[PDB]
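> what follows is a protein structure lacking sequence information:
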Ligand SMILES: Nc1nc2c(ncn2[C@@H]2O[C@H](COP(=O)(O)OP(=O)(O)O)[C@@H](O)[C@H]2O)c(=O)[nH]1
Ligand SMILES: [Mg+2]
């Protein structure tokens, strides 16, 4: 009855796995070539799943299982995974021969292995390729058919690997080795050997196809986005305007947690994730105010703001903050920048927090105080119960607490 085949490389990167498998598939289009490099790291159906799917139909007899399997545990994973899922995909009467294709001769030096493969991969990335490649060689364990797991292979084909600038290419010799092996040992797979002209042509095609790299080597950069955009507030100017609450009994808790810098937050990356509104406003902030130098926790930007201090709100035993308004934002030549829209409704300067609570809670404090969209006027002095918080409101006597030319900054935390 029916026999199916899984061809399993034992290899490191650049040994010619994909070239050899692409040559064979060019000659035998009914075979299925599954490339682990082209499977998402987060794919629900991984190579063992796709291998079994590609063996279900009768006409599908061969999978070229294109993965390094450098470590002995990775060969064990093939057997145990396919053992467990096989009965969902194949009749009980089927084998399932596993043919190991050994790409690294047992007497190849580690330094010649590196010299052959590293230089093949070169010839738009420089040394990301060295650490990913050395990782596969680090954990490479040669085939050992005298013990598990490699003693579970039904057959082993031993390939050549060498510098070949003056000889037949080693992957073409290897295609010939595989074909001759199959013709002698599995005539049902290859009835008659294809013509050498055809084998050579198919190999040339495969030798010139766009290469495929493991995804950690084609791993793109994270064009990192900053954590938040702020207005740096002149320290002594904020401190001097705390005198309105300095003697208040509900502020004495807060005094020992007063911050050593004050800022108005314009936008935090976390808010790009609540609304479409929060996303769009975050993007426009990154567009207008650029990504400053990213190897510094704070970078000043060439924009400045005028800010008016409106009232102090104490969230009892939690924090104190100043509700503010931004009068204007402008650049170094004082032209107004109308396109800078803050994300937070309820703009504020956090003063200090009692350390169960954190500065992010200044927003919830002012939002719960000003929760009615049709009543946003400054509330008069006094105590306000909001949810489970007791708030105290202190309006400034001076209607003209304007702070000018406060410089914007970007923050990466
Ligand atoms: N010199 C030489 N280069 C080869 C040979 N076979 C493949 N290559 C090249 O080596 C690079 C890596 O081959 P590839 O098949 O992708 O290796 P893989 O990482 O094991 O899949 C590619 O540029 C191939 O064109 C060969 O026999 N000799
Ligand atoms: Mg490959």
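It's in. Numbering: from 1, shown residues only. Ligands and ions are numbered 1, 2, ... in the order given.
> and the residue of the stretch 301-413 of the chain that's closest to ligand 1?
residue 412 (36.2 Å; CB to the nearest ligand atom). C-beta: built from backbone N, CA, C; applies to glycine.
> doesn't residue 222 make contact with that residue?
No - counting by CB atoms under 8 Å, residue 412 stays clear of residue 222, with 11.9 Å between them.
> and those two? Which one has more around it.
Higher neighbour count among residue 412 and residue 222: residue 412, with 18 against 6, using other CB atoms under 10 Å.
> how close does the more buried one sit to ligand 2?
36 Å (CB to the ion, to the nearest Å).
> run a quick neighbour tally on the residue nearest to that residue when sequence neighbours are not counted.
Nearest residue to residue 412, sequence neighbours excluded (CB to CB, 6 or more residues apart in numbering): residue 226, at 5.1 Å. For residue 226, the count of nearby residues is 22 (other CB under 10 Å).
> where does residue 226 sit, in terms of helix or strand?
Counting by DSSP states H and E, no helix or strand carries residue 226.
> now do the contacts for it.
Going by CB atoms under 8 Å, 6 or more residues apart in numbering, residue 226 touches 269, 286, 291, 292, 294, 410, 411, 412.
> helix/strand/coil for residue 280?
Applying DSSP: H, G, I helix; E, B strand; the rest coil to residue 280 yields a three-state assignment of helix.
> what about it, how many residues nearby?
Counted with other CB under 10 Å, residue 280 comes out at 13.
> re earlier: would CSV of the contacts of residue 226 with secondary structure be doable?
Shown next, in CSV, are the contacts of residue 226 (three-state DSSP):
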residue, secondary structure
269, helix
286, helix
291, coil
292, coil
294, coil
410, strand
411, strand
412, coil
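> let's see if you can find the most crowded of the residues you listed.
Going by other CB under 10 Å, residue 410 tops these with 24 neighbours.
> that one against residue 289, yeah?
Yes - with contacts counted by CB under 8 Å, residue 410 reaches residue 289, the gap being 6.5 Å.
> return every residue with contacts to both of these two.
Common neighbours of residue 410 and residue 289 (CB under 8 Å, 6+ apart) are 229, 301.
> contacts for stretch 387-394?
244-245, 248, 250, 311-316, 318, 365, 368-369, 379-385.
> buried subset of those residues?
For those, a burial check counting by 16 or more other CB atoms under 10 Å picks out 244-245, 250, 311-316, 318, 365, 368-369, 379.
> ok, which pair from those is furthest apart?
244 and 368 (21.8 Å; CB to CB).
> just how off-centre is the helix or strand where residue 284 lies within its chain?
Assigned by DSSP H and E, residue 284 belongs to helix 276-288. Here helix 276-288 shows a centroid-to-chain-centroid distance of 21 Å under the convention CA atoms, centre = their mean, to the nearest Å.
> residues making contact with that helix?
In contact with helix 276-288 (CB under 8 Å, 6+ apart) are residues 225-226, 229, 266-267, 269, 271-273, 337, 339-343.
> PyMOL command for the buried members of those residues?
Buried residues among the contacts of helix 276-288 (16+ other CB under 10 Å), as a PyMOL selection:
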select buried, resi 226+229+266+267+269+271+272+340+342+343
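> of all the contacts of helix 276-288, which two lie farthest apart?
So, the contacts of helix 276-288 by CB to CB: farthest apart are 273 and 337, at 25.1 Å.
> run a quick neighbour tally on the residue of the chain found nearest ligand 2.
Closest residue of the chain to ligand 2, CB to the ion: residue 18 (3.2 Å). By the criterion of other CB under 10 Å, residue 18 has 22 neighbours.
> distance between the helix or strand containing it and the chain's centre?
Using DSSP H and E, residue 18 sits in helix 17-27. Helix 17-27 has its C-alpha centroid displaced from the chain centroid by 31 Å (CA atoms, centre = their mean).
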